[PDB]
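Below: the structure, in structure tokens.
Here the Cβ is made from the backbone with ideal geometry for all residues, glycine too, and neighbour counts use every protein chain on show. All of this is worked out from the model, or read from it or from the source named; no laboratory read-out is quoted.
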């Protein structure tokens with residue numbers, strides 16, 4: 001804006017994704033602003049926010065209004081890939097810097113890649129390549145998908161099905177459920193009748209939690225192993241270790257990884273009284289990264305900031321990495337296994353690291369890209 005550098009954050013603050021990002025993510029953004037000193041290029045930094053209520057149209061209309069009449073300099077995209085994609089289009093049209101953290105669809109750096117988009121934390125290709133490969137390599141050869149009926153589920157099912165098939169496995173079928181489904185019983189029985197070895201949960205947040213609860217309840221887990229293709233620390237906390245032990249998952253960050261992660265998590269906890277998820281961590285990091293780019297450019301001009309973003313290393317408590325041509329922030333990913341209750345040594349101690357997946361190997365390869373800007 002004229003008087004301020006304006007950061008806007010749009011995410012689900014009220015529904016099935018609120019705990020994993022939501023208000024906590026907003027808090028993390030405000031801490032990053034304060035920690036940077038509250039100003040950049042001699043202008044105060046102002047944060048605005050909105051709850052998209054899991055509506056792509058709300059997200060896109062708010063973004064447009066802030067860009068056109070609110071002097072927006074950075075749009076931070078939160079959860080829900082339908083909202084991520086509607087916002088992406090607005091940012092590309094208006095030539096405004098857009099960093100998406102909470103949403104997963106790899107579409108953002110592929111079919112719908114833009115010169116103004118950064119996909120910061122994770123995507124559905126990394127999920128598939130991590131958890132999908134690992135489960136198939138362990139002998140989980142036959143799969144049936146339970147898929148959230150919107151852009152995220154569809155993208156994740158496609159990436160994961162492709163990995164399964166590439167690694168000698170077979171996909172027997174899929175069943176769709178509405179976002180934030182109130183009843184999973186008929187869907188789970190269809191999956192059970194398929195006789196697949198693996199039930200791939202191509203869904204997230206409250207859907208993942210409710211589906212796992214329902215699967216354990218209806219006895220689905222007697223005959224099928226669940227592959228939780230996207231699970232955050234809050235989802236484990238909701239379900240408990242007794243139910244989640246042994247699940248393999250792919251994530252970008254965990255509070256207890258190392259000294260630097262723990263120290264930041266302590267500052268977060270001191271405010272929110274929960275351990276942060278990888279999204280809440282990434283929210284803070286992405287703001288630091290943006291502000292460093294504005295500081296180095298001496299400008300909020302979107303072409304100058306994008307050029308800075310694409311030439312600066314990132315190295316903070318969240319990640320070491322860089323932002324490449326297609327917009328992906330390349331950083332190592334982690335294959336983890338959920339602990340047994342007896343292995344958990346303090347509150348929120350949920351993960352065993354199985355493997356580190358190198359950044360260059362975790363995301364879409366040059367040869368397989370659908371990004372028309374990456375040749």
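Descriptive notes on the structure:
- Among the candidates 168, 173, 140, residue that is in a loop (DSSP other than H, G, I, E, B), touching a residue at least 24 places away in the same chain (Cβ under 8 Å), surrounded by fewer than 19 Cβ atoms within 10 Å (Cβ to Cβ) and over 19 Å from the mean Cα position of the chain (by Cα): 168
- Unique residue being within 30 Å of residue 13 (Cβ to Cβ), touching a helix residue (DSSP H, G or I) at 6+ places or on another chain (Cβ under 7 Å), assigned to a loop (DSSP other than H, G, I, E, B) and not assigned by CATH to the domain that holds residue 12 when the list is 215, 227, 155, 181: 181
- Per-region count, the stretch 118-135, residues touching a strand residue (DSSP E or B) at 6+ places or on another chain (Cβ under 8 Å) and in a helix (DSSP H, G or I): 8
- Residue 194 in contact (Cβ under 8 Å) with a residue 24 or more places away in the chain and either surrounded by fewer than 21 Cβ atoms within 10 Å (Cβ to Cβ) or farther than 24 Å from residue 17 by Cβ (or both): yes
- Pick from the stretch 298-319, criterion out of contact with any strand residue (DSSP E or B) (no Cβ under 6 Å at 6 or more places or on another chain) and surrounded by 19 or more Cβ atoms within 10 Å (Cβ to Cβ), ranking: farthest from residue 78 (Cα to Cα): 308
- Scanning the stretch 97-114 for residues that are surrounded by fewer than 22 Cβ atoms within 10 Å (Cβ to Cβ) and in contact (Cβ under 8 Å) with a residue 60 or more places away in the chain, we see that the one that is nearest to residue 3 (Cα to Cα) is 114.
- Residues located in the stretch 46-64, provided they are closer than 15 Å to residue 6 by Cβ, in contact with a strand residue (DSSP E or B) (Cβ under 9 Å, 6 or more places away or on another chain) and surrounded by fewer than 21 Cβ atoms within 10 Å (Cβ to Cβ): 46, 47, 48, 49, 50
- Subset of the stretch 21-58 that is in a loop (DSSP other than H, G, I, E, B) and touching a residue at least 40 places away in the same chain (Cβ under 8 Å) - its residue that is farthest from the chain's Cα centre (by Cα): 41
- Test: residue in the stretch 75-87 that is closer than 28 Å to residue 18 by Cβ, touching a helix residue (DSSP H, G or I) at 6+ places or on another chain (Cβ under 6 Å), crowded, with 24+ Cβ neighbours inside 10 Å and outside the structural domain of residue 322 (by CATH): no
- Selected residue [closer than 18 Å to residue 125 by Cβ, touching a residue at least 12 places away in the same chain (Cβ under 8 Å) and in a helix (DSSP H, G or I)] from 91, 84: 84
- Selection from the stretch 356-375 of residues that are surrounded by 15 or more Cβ atoms within 10 Å (Cβ to Cβ) and closer than 21 Å to residue 252 by Cβ: 357, 359, 362, 363, 364, 369, 371
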